[PDB]
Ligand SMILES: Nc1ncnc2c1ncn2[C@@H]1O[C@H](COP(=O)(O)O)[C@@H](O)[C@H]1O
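Just one chain follows, in the form deposited without the ligand, and it is written as structure tokens.
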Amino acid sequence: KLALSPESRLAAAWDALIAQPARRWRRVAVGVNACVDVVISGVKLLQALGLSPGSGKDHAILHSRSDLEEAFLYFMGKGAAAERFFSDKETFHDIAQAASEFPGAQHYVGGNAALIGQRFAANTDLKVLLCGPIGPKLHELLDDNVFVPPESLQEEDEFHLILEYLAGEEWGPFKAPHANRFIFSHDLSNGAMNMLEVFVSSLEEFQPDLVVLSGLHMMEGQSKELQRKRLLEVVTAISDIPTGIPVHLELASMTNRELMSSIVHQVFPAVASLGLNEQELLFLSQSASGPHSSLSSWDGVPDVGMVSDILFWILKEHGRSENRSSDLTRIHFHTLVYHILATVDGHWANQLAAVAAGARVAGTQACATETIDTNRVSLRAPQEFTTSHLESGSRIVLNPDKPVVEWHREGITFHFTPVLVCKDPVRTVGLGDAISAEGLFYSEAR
């Protein structure tokens, strides 16, 4: 034998460490954001609509095929990302239909909640209920084991059109300097959490063991009063679910501090578990003067200690306490090159295997393999790190044969593992959702 790679050593240690918990969930309910992502060459679509190349020109809202063409060309010229709302409902239906029917266009389950539901549904001994704006195409796309209440089924889907271009791609006088994408939709359902009532209404009959909620971030840019109504609906609904049923909030894509503040004040005490990435974590610390609020942006890989100080602070400021009457005891942090599972001691079991399992799915799903293909992955976590930047904490060195690292801090345990990052990924949109679902699947509430 020759020496195995760090990655093969690590994936072998995971396969030995990972096992389902002693007591397993039977039924999980998930809501409420869901859509169909249609990924298509932007130039091809526009050509397919019968459009000749016009001028690049930005438009704040797309009212028309012209506006679409003009803003697309503008961003294609920059090689830059953008996203827009398309205002004409009927015209949008015809464009999305044209994109979805275009030969070679790819169709994907979209929306945090639907993606979570889909990941859970891969296990046949777990029964999944999913609510959200689910039309005939999304229903077809969803796994057969996923139950959607007839109440949550609708005539039309929410299509999100993802218009890609390659570096060096040309259309008449236009040439993309980088590969990127232009996304547009006409999605009022997900913006308003219009299926929250239907979701809440379905829980009693279903008797979930676990409730998972996502989609709050999508209300960004809606009426503050509409947001306030929905957050109160969330909190009321959760107070009606039987005691001891964990609720996980998957928090993504936030830029509004009023809304973030409100989610922290109102929803955090009502949930057992929280899931998020480096972007939302730092955003939280920026709003409420947290450990590294001073930090404007992560400078490369987020510093583990700095991350852990913020997770610590959240469970201290907003987690369960003798005095507080918060239910929050768990945060599944996931970033590109490592994941951390942080738990208030004595409320959760199997968190070594769970964080390992979250990390493993990040590799396999990114590469679109059933198991880890050790040729297509790469260990990118720091070789050594401090467990707290602000406080004095341990100096840890990565051992591929013992990848899951545990450390304790004032009655809160952290569980760290690196990720085996897919070097040549198919598509990594929705990875955080599959990571959080896997982490919860392998978790046990005490």
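Numbers for residues come from their place in the sequence shown, where the first is 1.
Note that the form solved in complex with the ligand isn't included here; everything after this is about it.
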Task: Selected contact from 329, 152, 277, 351, since only one has a non-hydrogen atom within 4.5 angstroms of the ligand in the deposited bound form - done: 277
Open item on the list: Based on heavy atom distances of 4.5 Å or less, which listed stretch (356 to 364, 256 to 264, 116 to 124, 164 to 172) is in contact with the ligand in the deposited bound form?
Closed with: 356 to 364
Task: in the deposited bound form, residue 420 touching the ligand (heavy atom, 4.5 Å) - done: yes
- [ ] Check whether residue 428 has any heavy atom within 4.5 Å of a heavy atom of the ligand in the deposited bound form, and answer yes or no.
- [x] yes
TODO: Indicate whether residue 188 is a 4.5 Å heavy atom neighbour of the ligand in the deposited bound form.
DONE: no
Open item on the list: Even though the partner isn't displayed, in the deposited bound form is residue 435 close enough to the ligand, meaning a heavy atom within 4.5 Å?
Closed with: yes
Task: Interface residues of 217 to 243 toward the ligand, as seen in the deposited bound form [heavy atoms, 4.5 Å] - done: none
